[PDB]
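>>> Build me a model from this:
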Amino acid sequence: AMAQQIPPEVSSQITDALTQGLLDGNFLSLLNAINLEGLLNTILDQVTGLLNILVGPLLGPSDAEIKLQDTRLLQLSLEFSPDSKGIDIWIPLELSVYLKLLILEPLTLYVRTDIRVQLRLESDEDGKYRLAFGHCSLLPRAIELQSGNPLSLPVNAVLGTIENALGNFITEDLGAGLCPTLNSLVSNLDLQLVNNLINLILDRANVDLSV
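Numbers count the residues shown, from 1 in each chain. Find the structure here:
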């Protein structure tokens, strides 16, 4: 957002309400319930045929499990969509994922993703303007290693793979389990907030557009 930015006042109440929906609802609970098998399975798929299984004498049993550890949510934000006639709602999350290997040291990963859903501008039955939920992509901004020694075999296969997998799981998996919830909260918040975004977009369009 280099052309125009959102007023902290208006953004503060949409983030309030949007986060409130996260709080009041069960946003983090979705994650906790999210099919983590995909990650686990993905990570196992990648880590095998990569390091110790690919170039490693005496292959071991590829047993493992995956767990969510520390799921939390930060303070939301909004931006104007890149001329797409809408606004980007950024829901930032801070999750921590724990993978459990049989005999290998279990590592913990930290992921900080900033969801980006777009509320477009459209006109409803009364010819009035409303917020049109058009886009809901989760954007994995951060994936940091919580535990794991780099002073060993090439990141123990548990780095690039983790980010590969997590960067997928946010967008693919989380944007699957969390998308309906977001399209609920944004569609359940304040009408004033709705209009505040609308009037904003119309303003950033051209004050009101065709006055």
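
>>> From now on I want contacts and neighbour counts done on CA atoms only, so please keep to that.
Noted.

>>> now the helices for this structure?
If you assign secondary structure with DSSP state H, the helices in the chain sit at 8-24, 27-33, 37-47, 160-168, 175-177, 179-185, 191-206.

>>> Please name the nearest non-neighbouring residue to residue 64.
Setting aside the residues directly before and after it, residue 64 is nearest to residue 101 in space (C-alpha to C-alpha, 6 or more residues apart in numbering), at 4.2 Å.

>>> how deep is the one you found tucked in, by neighbour count?
Using other C-alpha atoms under 10 Å, the number of residues around residue 101 comes to 16.

>>> returning to that earlier point: a markdown table please, covering the helices of the chain and showing mean neighbour count.
As requested, the helices of the chain are exported to a markdown table (neighbours: other C-alpha atoms under 10 Å):
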| stretch | mean neighbour count |
| --- | --- |
| helix 8-24 | 17 |
| helix 27-33 | 17 |
| helix 37-47 | 18 |
| helix 160-168 | 20 |
| helix 175-177 | 19 |
| helix 179-185 | 18 |
| helix 191-206 | 18 |
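
>>> now those helices in TSV, with distance to residue 149?
Formatted as TSV, the helices of the chain follow (distance: least, C-alpha to C-alpha, whole Å):
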stretch	distance to residue 149
helix 8-24	35
helix 27-33	27
helix 37-47	16
helix 160-168	14
helix 175-177	31
helix 179-185	35
helix 191-206	46
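
>>> now for the ones you listed, which one comes closest to residue 111?
Shortest separation from residue 111 across those is recorded for helix 160-168, at 7.4 Å, computed as C-alpha to C-alpha.

>>> Residues in a beta bridge with residue 110, which ones?
residue 96, residue 144 (DSSP bridges).

>>> So it sits against residue 143, correct?
Yes: the pair formed by residue 110 and residue 143 meets the contact definition of C-alpha atoms under 8 Å, at 5.5 Å.

>>> give the contact list for residue 167.
Residue 167 makes contacts with 139-140, 143, as judged by C-alpha atoms under 8 Å, 6 or more residues apart in numbering.

>>> so which of the residues you listed comes closest to residue 82?
When these are compared against residue 82 (criterion: C-alpha to C-alpha), the nearest one is residue 139, at 16.2 Å.

>>> isn't that closest one right next to residue 171, touching?
Yes: with contact taken as C-alpha under 8 Å, residue 139 and residue 171 are classed as touching, separated by 6.3 Å.

>>> Looking at those two, which is more packed in?
Legend: neighbour count by other C-alpha under 10 Å for residue 139 and residue 171, higher for residue 139 (22 against 19).

>>> Next, the contact list for the more buried one, please.
When contacts are counted by C-alpha under 8 Å, 6+ apart, residue 139 touches 113-116, 167, 170-171.

>>> measure it to residue 209 for me?
For residue 139, the distance to residue 209 (C-alpha to C-alpha, to the nearest Å) stands at 31 Å.

>>> Could you do residue 142 as well?
38 Å.

>>> okay, these two: which has more neighbours?
Residue environment comparison for residue 142 versus residue 209 gives the larger neighbour count to residue 142, 17 against 10, counting by other C-alpha under 10 Å.
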